[PDB]
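Have a look at the structure below before the remarks.
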Amino acid sequence: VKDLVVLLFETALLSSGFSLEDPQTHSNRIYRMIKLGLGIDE
Amino acid sequence: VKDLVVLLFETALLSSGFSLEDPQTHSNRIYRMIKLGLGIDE
Amino acid sequence: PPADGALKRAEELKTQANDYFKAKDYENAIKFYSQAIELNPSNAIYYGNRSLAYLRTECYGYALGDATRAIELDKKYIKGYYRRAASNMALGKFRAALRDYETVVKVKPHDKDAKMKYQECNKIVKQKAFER
């Protein structure tokens, strides 16, 4: 629940034209699942 | 290939100081991605 | 060799305890399997059956030991394959069961309950993978 809520909130922050302070935090969260996209992480 | 490459392009675009042209389409792509990962369909 | 007495005793214990499991008399079936195995330790079907009964009582280690001993008896006991794949599914280490059912459907695709179980487990494992 923590993961999903922080994800959706941070996405909503972009939705109104607001610019985040730590783009690495969201970039890591978007890269975290593209590796599941092709399957094996490890 | 096309949607994957444009997704990577735009994510690097956002996390580089530039500003996207249409955040609504962006948010739509992430929303559909998380929905399909949740396996909702229909 | 072997004498007919031990084979007959194992067969009759198997039939009795199957009748009892049809009535869901689990502990009696377990003791008759135990006696028959003490008389004939080379029967893999007893391993699989007690494995399944232990799954219904949720004692996984004993069941996996029975499955390992049965496979060491006969590597290609398909009933044992189904049983210990379901055991692992009921435990949580999904990948081995996934590989088991994938191999089974590759060799035997015309099974309906197995295919629905496989697909529902596949959605299960996808959700488990994504949720982190």
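Residue names in the structure tokens use chain letters A, B, ... in the order shown, residue numbers from 1 in each chain, and ligand numbers from 1 in the order shown.
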
- Compile the contact shell of residue 32 (chain B) as number ranges by chain: residues with an atom at most 10 Å away, counting only C-alpha atoms, same-chain residues fewer than 6 positions apart removed. B: 38, 40-41

Taking N, CA, C and O atoms for each residue, export the selection above as a compact mmCIF listing (two decimals), in the first residue's frame.
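Writing done, so here's part.txt:
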# COMPACT_ATOMS: atom_id res chain seq x y z
N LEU B 38 -1.52 -4.84 -13.30
CA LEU B 38 -2.51 -5.37 -12.37
C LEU B 38 -3.40 -6.41 -13.04
O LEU B 38 -4.14 -7.12 -12.34
N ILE B 40 -6.04 -6.10 -15.27
CA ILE B 40 -7.46 -5.80 -15.21
C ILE B 40 -8.15 -6.10 -16.53
O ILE B 40 -9.16 -6.81 -16.56
N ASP B 41 -7.62 -5.58 -17.64
CA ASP B 41 -8.17 -5.79 -18.98
C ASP B 41 -9.62 -5.30 -19.04
O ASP B 41 -10.06 -4.55 -18.17

Output chain A as a PDB file with N, CA and C atoms, in the first residue's frame, after least-squares fitting it to chain B on all in-order C-alpha pairs.
ATOM      1  N   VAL A   1       9.131  -1.658 -30.851  1.00  0.00           N
ATOM      2  CA  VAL A   1      10.335  -0.837 -30.785  1.00  0.00           C
ATOM      3  C   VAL A   1       9.970   0.640 -30.732  1.00  0.00           C
ATOM      4  N   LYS A   2       8.975   1.063 -31.518  1.00  0.00           N
ATOM      5  CA  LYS A   2       8.534   2.454 -31.479  1.00  0.00           C
ATOM      6  C   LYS A   2       8.041   2.824 -30.088  1.00  0.00           C
ATOM      7  N   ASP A   3       7.192   1.974 -29.505  1.00  0.00           N
ATOM      8  CA  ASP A   3       6.660   2.261 -28.177  1.00  0.00           C
ATOM      9  C   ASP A   3       7.777   2.390 -27.152  1.00  0.00           C
ATOM     10  N   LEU A   4       8.681   1.409 -27.109  1.00  0.00           N
ATOM     11  CA  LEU A   4       9.730   1.430 -26.097  1.00  0.00           C
ATOM     12  C   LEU A   4      10.645   2.634 -26.281  1.00  0.00           C
ATOM     13  N   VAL A   5      10.982   2.966 -27.531  1.00  0.00           N
ATOM     14  CA  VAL A   5      11.929   4.050 -27.737  1.00  0.00           C
ATOM     15  C   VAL A   5      11.298   5.386 -27.376  1.00  0.00           C
ATOM     16  N   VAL A   6      10.039   5.619 -27.760  1.00  0.00           N
ATOM     17  CA  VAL A   6       9.424   6.896 -27.419  1.00  0.00           C
ATOM     18  C   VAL A   6       9.238   6.998 -25.913  1.00  0.00           C
ATOM     19  N   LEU A   7       8.917   5.878 -25.258  1.00  0.00           N
ATOM     20  CA  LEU A   7       8.784   5.889 -23.807  1.00  0.00           C
ATOM     21  C   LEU A   7      10.098   6.276 -23.143  1.00  0.00           C
ATOM     22  N   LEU A   8      11.183   5.582 -23.498  1.00  0.00           N
ATOM     23  CA  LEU A   8      12.465   5.855 -22.855  1.00  0.00           C
ATOM     24  C   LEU A   8      12.948   7.266 -23.163  1.00  0.00           C
ATOM     25  N   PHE A   9      12.726   7.743 -24.390  1.00  0.00           N
ATOM     26  CA  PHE A   9      13.143   9.096 -24.735  1.00  0.00           C
ATOM     27  C   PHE A   9      12.374  10.127 -23.918  1.00  0.00           C
ATOM     28  N   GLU A  10      11.052   9.966 -23.818  1.00  0.00           N
ATOM     29  CA  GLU A  10      10.264  10.938 -23.072  1.00  0.00           C
ATOM     30  C   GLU A  10      10.633  10.926 -21.594  1.00  0.00           C
ATOM     31  N   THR A  11      10.890   9.747 -21.024  1.00  0.00           N
ATOM     32  CA  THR A  11      11.432   9.700 -19.672  1.00  0.00           C
ATOM     33  C   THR A  11      12.779  10.400 -19.558  1.00  0.00           C
ATOM     34  N   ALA A  12      13.677  10.198 -20.524  1.00  0.00           N
ATOM     35  CA  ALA A  12      14.968  10.872 -20.496  1.00  0.00           C
ATOM     36  C   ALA A  12      14.816  12.384 -20.563  1.00  0.00           C
ATOM     37  N   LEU A  13      13.778  12.869 -21.245  1.00  0.00           N
ATOM     38  CA  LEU A  13      13.551  14.307 -21.318  1.00  0.00           C
ATOM     39  C   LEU A  13      13.307  14.895 -19.934  1.00  0.00           C
ATOM     40  N   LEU A  14      12.610  14.166 -19.062  1.00  0.00           N
ATOM     41  CA  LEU A  14      12.427  14.637 -17.692  1.00  0.00           C
ATOM     42  C   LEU A  14      13.728  14.589 -16.898  1.00  0.00           C
ATOM     43  N   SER A  15      14.611  13.643 -17.213  1.00  0.00           N
ATOM     44  CA  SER A  15      15.813  13.391 -16.425  1.00  0.00           C
ATOM     45  C   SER A  15      16.751  14.587 -16.343  1.00  0.00           C
ATOM     46  N   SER A  16      16.718  15.493 -17.314  1.00  0.00           N
ATOM     47  CA  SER A  16      17.620  16.635 -17.337  1.00  0.00           C
ATOM     48  C   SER A  16      16.944  17.935 -16.927  1.00  0.00           C
ATOM     49  N   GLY A  17      15.792  17.864 -16.269  1.00  0.00           N
ATOM     50  CA  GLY A  17      15.079  19.051 -15.856  1.00  0.00           C
ATOM     51  C   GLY A  17      14.206  19.680 -16.918  1.00  0.00           C
ATOM     52  N   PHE A  18      14.011  19.015 -18.053  1.00  0.00           N
ATOM     53  CA  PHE A  18      13.130  19.553 -19.073  1.00  0.00           C
ATOM     54  C   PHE A  18      11.677  19.200 -18.766  1.00  0.00           C
ATOM     55  N   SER A  19      10.788  20.139 -19.073  1.00  0.00           N
ATOM     56  CA  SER A  19       9.363  20.008 -18.805  1.00  0.00           C
ATOM     57  C   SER A  19       8.631  19.731 -20.108  1.00  0.00           C
ATOM     58  N   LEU A  20       7.855  18.652 -20.126  1.00  0.00           N
ATOM     59  CA  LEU A  20       7.163  18.241 -21.337  1.00  0.00           C
ATOM     60  C   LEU A  20       6.038  19.214 -21.675  1.00  0.00           C
ATOM     61  N   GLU A  21       5.591  19.163 -22.930  1.00  0.00           N
ATOM     62  CA  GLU A  21       4.520  20.027 -23.407  1.00  0.00           C
ATOM     63  C   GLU A  21       3.146  19.377 -23.345  1.00  0.00           C
ATOM     64  N   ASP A  22       3.075  18.048 -23.347  1.00  0.00           N
ATOM     65  CA  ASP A  22       1.808  17.317 -23.316  1.00  0.00           C
ATOM     66  C   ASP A  22       1.841  16.230 -22.243  1.00  0.00           C
ATOM     67  N   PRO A  23       1.706  16.619 -20.973  1.00  0.00           N
ATOM     68  CA  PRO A  23       1.806  15.632 -19.884  1.00  0.00           C
ATOM     69  C   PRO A  23       0.784  14.516 -19.978  1.00  0.00           C
ATOM     70  N   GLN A  24      -0.344  14.743 -20.655  1.00  0.00           N
ATOM     71  CA  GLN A  24      -1.321  13.677 -20.836  1.00  0.00           C
ATOM     72  C   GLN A  24      -0.726  12.503 -21.596  1.00  0.00           C
ATOM     73  N   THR A  25       0.138  12.773 -22.576  1.00  0.00           N
ATOM     74  CA  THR A  25       0.717  11.701 -23.377  1.00  0.00           C
ATOM     75  C   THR A  25       1.515  10.723 -22.522  1.00  0.00           C
ATOM     76  N   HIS A  26       2.324  11.230 -21.593  1.00  0.00           N
ATOM     77  CA  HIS A  26       3.098  10.366 -20.711  1.00  0.00           C
ATOM     78  C   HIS A  26       2.256   9.802 -19.570  1.00  0.00           C
ATOM     79  N   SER A  27       1.281  10.572 -19.082  1.00  0.00           N
ATOM     80  CA  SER A  27       0.413  10.075 -18.020  1.00  0.00           C
ATOM     81  C   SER A  27      -0.413   8.889 -18.502  1.00  0.00           C
ATOM     82  N   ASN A  28      -0.878   8.939 -19.749  1.00  0.00           N
ATOM     83  CA  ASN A  28      -1.578   7.794 -20.316  1.00  0.00           C
ATOM     84  C   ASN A  28      -0.657   6.583 -20.388  1.00  0.00           C
ATOM     85  N   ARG A  29       0.608   6.797 -20.756  1.00  0.00           N
ATOM     86  CA  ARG A  29       1.533   5.677 -20.875  1.00  0.00           C
ATOM     87  C   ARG A  29       1.888   5.088 -19.517  1.00  0.00           C
ATOM     88  N   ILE A  30       1.855   5.896 -18.456  1.00  0.00           N
ATOM     89  CA  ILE A  30       2.126   5.337 -17.133  1.00  0.00           C
ATOM     90  C   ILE A  30       0.879   4.653 -16.577  1.00  0.00           C
ATOM     91  N   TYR A  31      -0.309   5.148 -16.934  1.00  0.00           N
ATOM     92  CA  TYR A  31      -1.538   4.500 -16.490  1.00  0.00           C
ATOM     93  C   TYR A  31      -1.860   3.248 -17.295  1.00  0.00           C
ATOM     94  N   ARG A  32      -1.256   3.091 -18.475  1.00  0.00           N
ATOM     95  CA  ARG A  32      -1.589   1.969 -19.347  1.00  0.00           C
ATOM     96  C   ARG A  32      -1.190   0.625 -18.746  1.00  0.00           C
ATOM     97  N   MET A  33      -0.173   0.597 -17.882  1.00  0.00           N
ATOM     98  CA  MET A  33       0.332  -0.664 -17.348  1.00  0.00           C
ATOM     99  C   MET A  33      -0.061  -0.916 -15.898  1.00  0.00           C
ATOM    100  N   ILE A  34      -0.440   0.119 -15.150  1.00  0.00           N
ATOM    101  CA  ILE A  34      -0.898  -0.130 -13.788  1.00  0.00           C
ATOM    102  C   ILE A  34      -2.177  -0.960 -13.795  1.00  0.00           C
ATOM    103  N   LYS A  35      -2.968  -0.875 -14.868  1.00  0.00           N
ATOM    104  CA  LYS A  35      -4.136  -1.742 -14.993  1.00  0.00           C
ATOM    105  C   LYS A  35      -3.739  -3.192 -15.253  1.00  0.00           C
ATOM    106  N   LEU A  36      -2.663  -3.421 -16.010  1.00  0.00           N
ATOM    107  CA  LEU A  36      -2.089  -4.759 -16.074  1.00  0.00           C
ATOM    108  C   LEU A  36      -1.536  -5.195 -14.728  1.00  0.00           C
ATOM    109  N   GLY A  37      -1.175  -4.234 -13.875  1.00  0.00           N
ATOM    110  CA  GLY A  37      -0.688  -4.550 -12.545  1.00  0.00           C
ATOM    111  C   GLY A  37      -1.628  -5.399 -11.715  1.00  0.00           C
ATOM    112  N   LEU A  38      -2.928  -5.102 -11.735  1.00  0.00           N
ATOM    113  CA  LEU A  38      -3.915  -5.944 -11.072  1.00  0.00           C
ATOM    114  C   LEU A  38      -4.546  -6.961 -12.016  1.00  0.00           C
ATOM    115  N   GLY A  39      -4.175  -6.951 -13.294  1.00  0.00           N
ATOM    116  CA  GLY A  39      -4.650  -7.970 -14.209  1.00  0.00           C
ATOM    117  C   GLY A  39      -5.647  -7.526 -15.260  1.00  0.00           C
ATOM    118  N   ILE A  40      -6.901  -7.951 -15.108  1.00  0.00           N
ATOM    119  CA  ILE A  40      -7.883  -7.854 -16.185  1.00  0.00           C
ATOM    120  C   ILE A  40      -8.216  -6.395 -16.462  1.00  0.00           C
ATOM    121  N   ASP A  41      -7.925  -5.946 -17.685  1.00  0.00           N
ATOM    122  CA  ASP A  41      -8.437  -4.660 -18.146  1.00  0.00           C
ATOM    123  C   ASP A  41      -9.896  -4.775 -18.565  1.00  0.00           C
ATOM    124  N   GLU A  42     -10.251  -5.873 -19.226  1.00  0.00           N
ATOM    125  CA  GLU A  42     -11.578  -6.042 -19.804  1.00  0.00           C
ATOM    126  C   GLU A  42     -11.962  -7.515 -19.884  1.00  0.00           C
TER     127      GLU A  42
END

Counting only C-alpha atoms, what are the residues of chain C within 10 Å of chain A, and for each of them which pair of atoms is the nearest and at what distance in Å, to one decimal? Sort the table by chain and rising number, as a Markdown table.
| residue | atom | partner | partner_atom | distance |
| --- | --- | --- | --- | --- |
| C:126 | CA | A:36 | CA | 9.6 |
| C:129 | CA | A:36 | CA | 7.8 |
| C:130 | CA | A:33 | CA | 7.4 |
| C:131 | CA | A:4 | CA | 9.0 |
| C:132 | CA | A:3 | CA | 8.4 |

- Write out as an NGL selection string the residues lying within 7 Å of region 7-22 of chain C, counting only C-alpha atoms and excluding same-chain residues fewer than 4 positions away. :C and (26 or 28-29 or 32-33 or 36 or 40)

- Report the distance between CA of residue 124 (chain C) and CA of residue 45 (chain C) in Å, rounded to one decimal place.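 For CA of residue 124 (chain C) relative to CA of residue 45 (chain C), the distance reads 29.5 Å.
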
- Computed interatomic separation between CA of residue 115 (chain C) and CA of residue 44 (chain C) (Å):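 Spanning CA of residue 115 (chain C) to CA of residue 44 (chain C) is a straight-line distance of 25.2 Å.
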
- Task: Using DSSP on the backbone coordinates, identify all residues within chain A classified as alpha helix (DSSP H); present the result as an MDAnalysis selection string.
- Result: chainID A and resid 2:15 23:38

Output N, CA, C and O atoms of each residue in that selection to a file, as a short mmCIF file (atom, residue, chain, number, x, y, z; two decimals), in the first residue's frame.
data_model
loop_
_atom_site.label_atom_id
_atom_site.label_comp_id
_atom_site.auth_asym_id
_atom_site.auth_seq_id
_atom_site.Cartn_x
_atom_site.Cartn_y
_atom_site.Cartn_z
N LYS A 2 1.96 1.25 0.78
CA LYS A 2 2.86 2.39 0.79
C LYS A 2 3.44 2.63 -0.60
O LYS A 2 3.46 3.77 -1.10
N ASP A 3 3.93 1.57 -1.24
CA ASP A 3 4.52 1.71 -2.57
C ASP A 3 3.51 2.28 -3.56
O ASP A 3 3.80 3.25 -4.26
N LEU A 4 2.31 1.69 -3.62
CA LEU A 4 1.33 2.13 -4.60
C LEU A 4 0.91 3.57 -4.34
O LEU A 4 0.76 4.36 -5.28
N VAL A 5 0.73 3.94 -3.07
CA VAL A 5 0.23 5.28 -2.80
C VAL A 5 1.29 6.32 -3.12
O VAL A 5 0.98 7.36 -3.70
N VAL A 6 2.56 6.06 -2.76
CA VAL A 6 3.58 7.05 -3.06
C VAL A 6 3.78 7.16 -4.56
O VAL A 6 3.99 8.25 -5.10
N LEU A 7 3.68 6.03 -5.27
CA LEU A 7 3.79 6.06 -6.72
C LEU A 7 2.70 6.92 -7.34
O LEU A 7 2.97 7.85 -8.11
N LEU A 8 1.44 6.65 -6.98
CA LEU A 8 0.33 7.39 -7.58
C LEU A 8 0.39 8.86 -7.20
O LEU A 8 0.08 9.73 -8.03
N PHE A 9 0.78 9.17 -5.96
CA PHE A 9 0.87 10.56 -5.55
C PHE A 9 1.95 11.29 -6.34
O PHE A 9 1.74 12.41 -6.82
N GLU A 10 3.13 10.67 -6.48
CA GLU A 10 4.21 11.34 -7.21
C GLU A 10 3.84 11.53 -8.67
O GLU A 10 4.16 12.57 -9.26
N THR A 11 3.18 10.55 -9.29
CA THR A 11 2.64 10.76 -10.63
C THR A 11 1.63 11.90 -10.67
O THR A 11 1.68 12.71 -11.61
N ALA A 12 0.73 11.99 -9.70
CA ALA A 12 -0.23 13.08 -9.66
C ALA A 12 0.45 14.43 -9.54
O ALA A 12 -0.06 15.43 -10.06
N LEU A 13 1.60 14.48 -8.86
CA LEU A 13 2.32 15.74 -8.73
C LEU A 13 2.75 16.27 -10.10
O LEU A 13 2.72 17.48 -10.32
N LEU A 14 3.13 15.38 -11.02
CA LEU A 14 3.46 15.82 -12.37
C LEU A 14 2.22 16.28 -13.13
O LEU A 14 2.31 17.17 -13.98
N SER A 15 1.06 15.70 -12.83
CA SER A 15 -0.16 15.93 -13.60
C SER A 15 -0.61 17.38 -13.61
O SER A 15 -1.30 17.79 -14.55
N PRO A 23 14.21 13.69 -9.28
CA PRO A 23 13.75 12.86 -10.41
C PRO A 23 14.31 11.45 -10.39
O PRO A 23 13.70 10.55 -10.98
N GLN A 24 15.45 11.22 -9.73
CA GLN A 24 15.98 9.87 -9.62
C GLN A 24 15.02 8.95 -8.90
O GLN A 24 14.90 7.77 -9.25
N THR A 25 14.31 9.46 -7.88
CA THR A 25 13.40 8.63 -7.11
C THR A 25 12.30 8.04 -7.99
O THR A 25 11.97 6.86 -7.87
N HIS A 26 11.71 8.85 -8.87
CA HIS A 26 10.67 8.36 -9.77
C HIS A 26 11.25 7.59 -10.96
O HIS A 26 10.62 6.65 -11.45
N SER A 27 12.43 7.99 -11.44
CA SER A 27 13.05 7.27 -12.54
C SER A 27 13.41 5.84 -12.13
O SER A 27 13.26 4.90 -12.92
N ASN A 28 13.87 5.66 -10.90
CA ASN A 28 14.12 4.32 -10.39
C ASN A 28 12.83 3.51 -10.35
O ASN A 28 12.81 2.33 -10.70
N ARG A 29 11.72 4.14 -9.94
CA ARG A 29 10.46 3.42 -9.85
C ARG A 29 9.91 3.07 -11.22
O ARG A 29 9.18 2.08 -11.35
N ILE A 30 10.22 3.86 -12.25
CA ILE A 30 9.75 3.50 -13.58
C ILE A 30 10.67 2.44 -14.20
O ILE A 30 10.22 1.60 -14.98
N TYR A 31 11.96 2.47 -13.85
CA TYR A 31 12.87 1.44 -14.35
C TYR A 31 12.73 0.12 -13.61
O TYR A 31 13.19 -0.91 -14.12
N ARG A 32 12.12 0.13 -12.43
CA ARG A 32 12.04 -1.08 -11.61
C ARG A 32 11.18 -2.16 -12.26
O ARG A 32 11.40 -3.35 -12.01
N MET A 33 10.21 -1.78 -13.09
CA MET A 33 9.29 -2.75 -13.67
C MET A 33 9.55 -3.05 -15.14
O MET A 33 9.10 -4.09 -15.64
N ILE A 34 10.27 -2.19 -15.85
CA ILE A 34 10.60 -2.52 -17.23
C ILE A 34 11.49 -3.75 -17.29
O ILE A 34 11.49 -4.48 -18.29
N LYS A 35 12.27 -4.00 -16.24
CA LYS A 35 13.05 -5.23 -16.18
C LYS A 35 12.17 -6.46 -15.97
O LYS A 35 12.47 -7.53 -16.50
N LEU A 36 11.09 -6.32 -15.20
CA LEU A 36 10.07 -7.37 -15.18
C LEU A 36 9.39 -7.52 -16.52
O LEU A 36 8.86 -8.59 -16.83
N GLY A 37 9.39 -6.45 -17.33
CA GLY A 37 8.81 -6.51 -18.66
C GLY A 37 9.38 -7.59 -19.54
O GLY A 37 8.61 -8.27 -20.24
N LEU A 38 10.70 -7.78 -19.55
CA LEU A 38 11.31 -8.89 -20.27
C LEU A 38 11.55 -10.10 -19.39
O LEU A 38 12.03 -11.13 -19.88
#

- Task: Find the residues near residue 105 (chain C): any atom within 10 Å, counting only C-alpha atoms, skip ones fewer than 5 places away on the same chain, and give them as a PyMOL selection string.
- Result: chain C and resi 99-100+110-111+114-115+118
